[PDB]
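For reference, the structure discussed in these notes is given below.
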Amino acid sequence: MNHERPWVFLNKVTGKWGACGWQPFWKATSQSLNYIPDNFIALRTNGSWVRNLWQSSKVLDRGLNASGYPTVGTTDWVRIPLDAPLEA
Amino acid sequence: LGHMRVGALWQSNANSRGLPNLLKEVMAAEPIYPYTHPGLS
Amino acid sequence: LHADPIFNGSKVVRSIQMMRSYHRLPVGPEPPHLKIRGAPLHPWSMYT
Amino acid sequence: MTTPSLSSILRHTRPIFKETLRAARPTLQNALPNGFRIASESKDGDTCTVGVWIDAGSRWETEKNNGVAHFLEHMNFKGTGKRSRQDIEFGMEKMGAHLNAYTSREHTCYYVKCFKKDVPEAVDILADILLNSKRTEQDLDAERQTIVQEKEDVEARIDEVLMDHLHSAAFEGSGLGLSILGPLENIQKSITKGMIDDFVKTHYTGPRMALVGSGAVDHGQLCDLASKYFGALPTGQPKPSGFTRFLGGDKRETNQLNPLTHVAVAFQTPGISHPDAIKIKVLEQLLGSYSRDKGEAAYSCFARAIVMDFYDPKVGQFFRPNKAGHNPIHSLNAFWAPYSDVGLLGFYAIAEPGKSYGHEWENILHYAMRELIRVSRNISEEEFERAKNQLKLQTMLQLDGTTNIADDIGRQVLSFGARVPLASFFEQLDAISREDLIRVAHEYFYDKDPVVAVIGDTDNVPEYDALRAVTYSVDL
Amino acid sequence: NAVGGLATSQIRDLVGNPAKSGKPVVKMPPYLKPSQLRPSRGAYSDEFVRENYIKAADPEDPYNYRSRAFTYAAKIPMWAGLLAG
Amino acid sequence: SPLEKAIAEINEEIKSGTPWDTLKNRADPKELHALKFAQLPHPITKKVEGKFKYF
Amino acid sequence: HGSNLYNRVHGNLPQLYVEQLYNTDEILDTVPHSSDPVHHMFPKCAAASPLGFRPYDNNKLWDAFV
Amino acid sequence: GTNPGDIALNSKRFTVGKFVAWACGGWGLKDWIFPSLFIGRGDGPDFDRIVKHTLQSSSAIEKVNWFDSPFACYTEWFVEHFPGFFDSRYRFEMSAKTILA
Amino acid sequence: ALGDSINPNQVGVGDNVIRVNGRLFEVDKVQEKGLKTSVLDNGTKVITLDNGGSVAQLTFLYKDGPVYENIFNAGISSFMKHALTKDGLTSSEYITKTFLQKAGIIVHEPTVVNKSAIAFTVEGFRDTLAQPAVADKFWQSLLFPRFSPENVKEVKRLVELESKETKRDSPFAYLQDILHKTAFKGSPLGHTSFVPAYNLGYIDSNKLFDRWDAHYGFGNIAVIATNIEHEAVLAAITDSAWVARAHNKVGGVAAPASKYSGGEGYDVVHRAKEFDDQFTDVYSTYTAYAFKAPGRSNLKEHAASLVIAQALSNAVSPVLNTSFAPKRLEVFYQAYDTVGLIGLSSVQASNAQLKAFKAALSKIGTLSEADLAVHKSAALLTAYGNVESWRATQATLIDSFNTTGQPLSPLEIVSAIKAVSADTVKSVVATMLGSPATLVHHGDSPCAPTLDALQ
Amino acid sequence: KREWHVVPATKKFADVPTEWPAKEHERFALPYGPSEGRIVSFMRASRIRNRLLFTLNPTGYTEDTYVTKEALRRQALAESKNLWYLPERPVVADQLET
Ligand SMILES: CCCCCCCCCCCCCCCCCC(=O)OC[C@H](COP(=O)([O-])OCC[N+](C)(C)C)OC(=O)CCCCCCCCCCCCCCCCC
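Protein chains in written order, with this note's numbering: chain A, 1 to 88; chain B, 1001 to 1041; chain C, 2001 to 2048; chain D, 3001 to 3476; chain E, 4001 to 4085; chain F, 5001 to 5055; chain G, 6001 to 6066; chain H, 7001 to 7101; chain I, 8001 to 8455; chain J, 9001 to 9098.
Structure below.
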């Protein structure tokens, strides 16, 4: 499995943000004792996106001029990646 | 014969798992000398 | 700069993956088993 | 030939691929409140490339103003409100530099290579030509003949004409399938100052322009200059988001007097920003390339399948041997042409027309389509690894020189919104699965409608119907 | 005007712009002057073919699965009749 | 001790609050998931799905 | 798992492993060695559980049949 | 404690695996017809709960060396299944440091 | 990690990583040097110029070319260009090329560099080129040939195609061939770079073997690398057993010097009757007006000539370049050992145009130190552009070593371009205009300019 | 640049045997053609028969540890890094052949 790393939606006119990502899921059954699940939302990562989201929350809620970010289709939402902490 | 190991050095097998190094687990990527040798290069 | 492996070497990690005492019950300072109407289930409960 | 060949008896040593990963300085990026972007990659040196990349090609024309983008490119160099053409040329000459303008289907760029001490003057001239250039009718009437001569010259490039045919066949009814220069009747009479002004107003907006710096440059200085000059651009309407439909079919130009035949066969693929972009790149590198100087030394299953039938003695039980006199293939190359919406993935074969009503091209296309089906069904691990390593090397080979690095930065900034770090790119390249690659190959190749472009002796090149019947097999 | 003592622009105008020799002109026989006797197109113009023959686009289906499915399903009865017969 | 200093600092910090308590502009997760499915290509079918589908 | 023959030969009493070049299986009827790999009960389960996998996959026809 | 494997080849409606499960055990018509009740939410990481637990944490998330430890690959499992993870981890690490000092 | 039944991903950051006030950083070392040269005790010479890049080129330079031919062997080197790349005794063409191509290495077509050597160039990541198998394959190719008749037939076909295509698609390159052929009339530099028609039937395996015996010797082979550390290269070309199995001999070949005519002078071809007109230019006449210029032997005069050539090129080519600007002119400076050519190749040339070019050159002669600064700056911009590119670095190294025998890194040329002097350029132009011209015509039309009408 | 340092050409190929024919050819000499008699050559040509070939000896070399005179000769030549020993490629078999 290899999907996109978690991102942050941000709506401009409304000025409202929120994290998002792809959640894998499967039919429930017995587990495995010798296995702690790896990072599945952010594959092949040390799970820093949580820290980046926590750090960037103050930046985003305070009001960010994200005109330099791509949009999502024809809506008012733009995607901010959580690869590195957001300062702007 | 497959992948034959060379030498009888230590491998973390089922019987032997070794003594954890909590100092390295906690101080990962952070130097120890700022705490054990304060203010020295 | 990497030495011969030893059991107390600098690069030995805690065993939290491989299960040993499966049927134990963790004990220590733990929250009260409060019950509420409609609130999301706690991770550490028998119900999911 | 009395000399023995020991290569058939000896045990040979196999070289293996081991990549080199030099850490380059990260590509910094900033954005003005207007939205105009500023990207910069600095490296130790004495010369730097500074340019402006614009996201407005000929893709946005409706056959009433086809070629207006190229007309605008030629008109930007005819003088501005402050400077004249002579003054611009004098400034460039004093800097000892050349101002290059390049126009594509979905990108344009104006760039200058200079010393680090001429960066502010270069940026000044770029802003002057891009924003403040006056485009009067008289000058518009004085460039029509030069553009006509350029049209007649570019019509004489067989490869460019072939790709224009491929795009005209694939994308009919949308500007993406029109030629960059446009119809001759449009060059001489139709394009007007009104069309040029409308194009500039609509497509030269803030959020669709980037200032790119590569080499011994200062990102802070670039940002200050960009705010000084490019801060007043309008936040115009968003880039058009329409549906460009792919039409399978054929465009065949008959010229039996040509010495070589060029055949391009392409399939529809998703855009450049689709998650399948890396898998399609790996497919392109999997099909590989072949040149006549290699002989039988074709390193891919594809090219090899098409080449060894001109060395096979073709001895059969009930039929006479039929071995080709010589290998007629001049070259085979796998290509991928992506665009924000769509893509064309295929192969481009150049070979001699051969004896009239022969079987050379029948065999070539037979084996090409068989190999496409085979890779759609199964791919080997060793060839998968070869393809990934070749993609690594090819991606690295394009970053030679400040101008090439700046071009890559600008294209990625306009397409993906920001440059992807090479390591990050490579991080996504080692996570590809052979099963995923097989699925991508089967999705777009098997039992799909292709687009064919032919230039040369079409007497021997198979027609579309036959080609449509070989994208699938009875066995499957 | 002079770049390092050279009137480069002048030199350019005298050196950098050679004349280009184009194709020879073919004298037209007087019976070929009427336009329709020197064709430049077949029967139908693009506009015509774009209004009558090309299917209506389906933006949700950019790979013609609908057309392929319909054609193969419509072929099935031919094979069925031939087999039974 | 450094442990005491850190504990006291954290205790004082949480009095101000945490993002889950202080953040005002924040969309519901259902709207974000619906937008994800309605606009972005599925990582399996490589196309845009209308809504959530099990198969 | 992988054979330990190099260590066994370079061990301390290599004469005990001369029989290992006759018609003789290593795991069943050879003298165990100080540095041998640890053998588990259900090797399929032992190798699959730490990777999060159940031993048998229904999509594989061979596994489904087994 | 389960690795789904390859999500692509198990998401199809009809599969050899699903038919085998129907024949021998683990799958059936109740799964095709009624997936809301017999597959339901399913088992996997919870992005919403991870985000909630991350945003509930104090500055201990910034000051913790967790992300460079060999257990950084278990970050999401613990963040979801260990409420108040980062504060406890920060106290643990500061305890180690003060023992060292 | 280094455990059994333990997650491979369960590994911490490397020991060369530090975490300081948040974001992490990495610790590493320094590398790289300048230009380095060595000679193997068997005669082979190795030149290296490391620049720290990740992409490297490795070239085996073999001493053979038109300057070593006569009127009866004309074009034989072209066969040698390909025959050595075909099947050998110990490794066929299939074994080598595929083995190199499947290892992520780009194998370039062999080329003739200064009419005096054949370069076999390979391009790839430095780590892939440093291994001793690539160099081993090149050693096999150069030291143990086979020259099979069927391969020679294939090479005959290839050379016919090369000549015909260059004539049809590279009229300026063909014009350069004519320019040299008539420039150095009775001297080695005036030999043809293309196989003449007659010799197409004459050259075969026996002639190739005789030429290989004549040119055999480790003294006729050189190795040049541009992004490989010097020692590694020495570790790669010295691990070959085949080098140890080869006859040890230092055998050099020498060629005489040259003089210069060219001329008001003409190669006649009716292109409109030879090729289809749609996809090639068939209605044009190619005129090369050239003068004698210094070679690479004297670095000062070479740098002055570079400045002069850049000044002439910038004063003719358009300053503002568009996408589809056609190719009508070229200002060329072909530099050799102790002699060279500098001139203007054009289509539909005119007496007025050629007079203007000569007057521009003379004007360049009279420039002062202050006026020479602009042209020196433009030449420096070009030189730095060469410095920053590994392909340009390789080209410069090969040319500098081949013509003079003394390597010369591109950066060194920069140091020589900013030491150019007005007196030096004045003397160089006095040398240029003090000798007859070459008004090498090639093409078809009868209205072409003539020297008597210029001078 | 102006100075060419002298580096030895093939230091790795000094003090290795360079006599062809070597001494191994004396030790592992096969003056009577193939070393295995007809019946033996008949039994090693089939995977099944081969098992019976060694199983006839209740305690003898298995089919994996068994070596021939020619195999030992090649091993001996390779072990001594003789300059003039050009290694030969074993017959590579595709699927069906195997
Ligand atoms: C082999 C040569 C090449 C042939 C290629 C294909 C030809 C074109 C396609 C076929 C068209 C005709 C199909 C007829 C089907 C309808 C009749 C039928 O079968 O009924 C089933 C029914 C089935 O009856 P039943 O008895 O099985 O049904 C059960 C009924 N209960 C239980 C109540 C008892 O009748 C028959 O089968 C009757 C016997 C066969 C009748 C044959 C009719 C003529 C066939 C040829 C016609 C074609 C033109 C002439 C060719 C002459 C050649 C010499």
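The C-beta atom is built at its ideal place from N, Cα and C for all residues, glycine as well.
Considering just the uninterrupted stretch of the beta strand (DSSP E) at residue i, what are its terminal residues?
i: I3455/D; result: 3451–3456
i: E3253/D; result: 3249–3254
i: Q8057/I; result: 8055–8062
i: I8047/I; result: 8045–8049
i: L3028/D; result: 3028–3031
Can you grab the Cα-Cα spacing for the pair residue i / residue j, in whole Å?
i: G8385/I; j: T3047/D; result: 7 Å
i: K9001/J; j: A8373/I; result: 29 Å
i: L1023/B; j: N46/A; result: 20 Å
i: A3169/D; j: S3179/D; result: 12 Å
i: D3276/D; j: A3337/D; result: 14 Å
i: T3020/D; j: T3108/D; result: 33 Å
i: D8213/I; j: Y3111/D; result: 53 Å
The alpha helix (DSSP H) that contains residue i, what's its start and end?
i: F8291/I; result: No alpha helix (DSSP H) holds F8291/I; the beta strand (DSSP E) holding it covers 8286–8293.
i: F2007/C; result: Counting along the chain, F2007/C falls outside any alpha helix (DSSP H), and DSSP gives it neither H nor E.
i: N3389/D; result: 3381–3397
i: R3370/D; result: 3360–3377
i: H8230/I; result: 8230–8237
Who are residue i's beta bridge partners in DSSP?
i: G3343/D; result: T3269/D, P3338/D
i: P81/A; result: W7/A
i: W8390/I; result: None; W8390/I has no bridge partner.
i: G3213/D; result: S3040/D, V3050/D
Name the chain E residues that come within less than 9 Å of residue i, Cβ to Cβ?
i: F8357/I; result: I4011, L4014, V4015
Output, in chain order, the set of chain J residues within a Cβ distance shorter than 8 Å of residue i.
i: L8049/I; result: Those within 8 Å of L8049/I in chain J number zero; the least Cβ separation is about 10 Å.
If I measure Cβ to Cβ from residue i and keep anything under 8 Å in the same chain, skipping five residues before and after, which residues do I get?
i: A3024/D; result: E3041, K3043, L3422
i: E5009/F; result: none
i: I7039/H; result: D7031
List, in order along the chain, the chain C residues whose C-beta lies closer than 7 Å to that of residue i?
i: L33/A; result: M2019, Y2022
i: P7045/H; result: Within 7 Å Cβ-Cβ: nothing; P7045/H doesn't reach chain C, min ~12 Å.
Quick check: is any heavy atom of ligand 2 less than 6 Å from the C-beta of residue i?
i: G4085/E; result: Absence of ligand 2 is noted for the structure shown, with ligand 1 being the only ligands found.
Show which residues of chain H have a CB atom less than 7 Å away from the CB atom of residue i.
i: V1026/B; result: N7065, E7093, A7096
What does residue i touch in chain B if you count any residue whose Cβ is under 7 Å from its own?
i: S7069/H; result: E1025, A1028
Less than 6 Å between C-beta atoms, sequence neighbours within five positions excluded: which residues of the same chain meet that for residue i?
i: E3172/D; result: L3247
So which residues on chain D does residue i lean against when the C-beta distance must stay under 9 Å?
i: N8351/I; result: Chain D residues near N8351/I: none, gap ~23 Å exceeds 9 Å.
i: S67/A; result: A3031, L3032, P3033, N3034, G3035, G3206, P3207, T3235
Name, please, each residue of chain H whose Cβ falls closer than 9 Å to the Cβ of residue i.
i: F6053/G; result: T7002, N7003, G7005
Mind pulling the chain D residues with CB within less than 8 Å of residue i?
i: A7008/H; result: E3435, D3436, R3439
Who are the neighbours of residue i on chain J, taking C-beta pairs under 9 Å?
i: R8271/I; result: Correct list: empty, because the minimum Cβ distance to chain J is about 46 Å.
Closer than 8 Å by beta-carbon distance: list the chain B residues that pair up with residue i, in chain order.
i: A7101/H; result: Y1035, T1036
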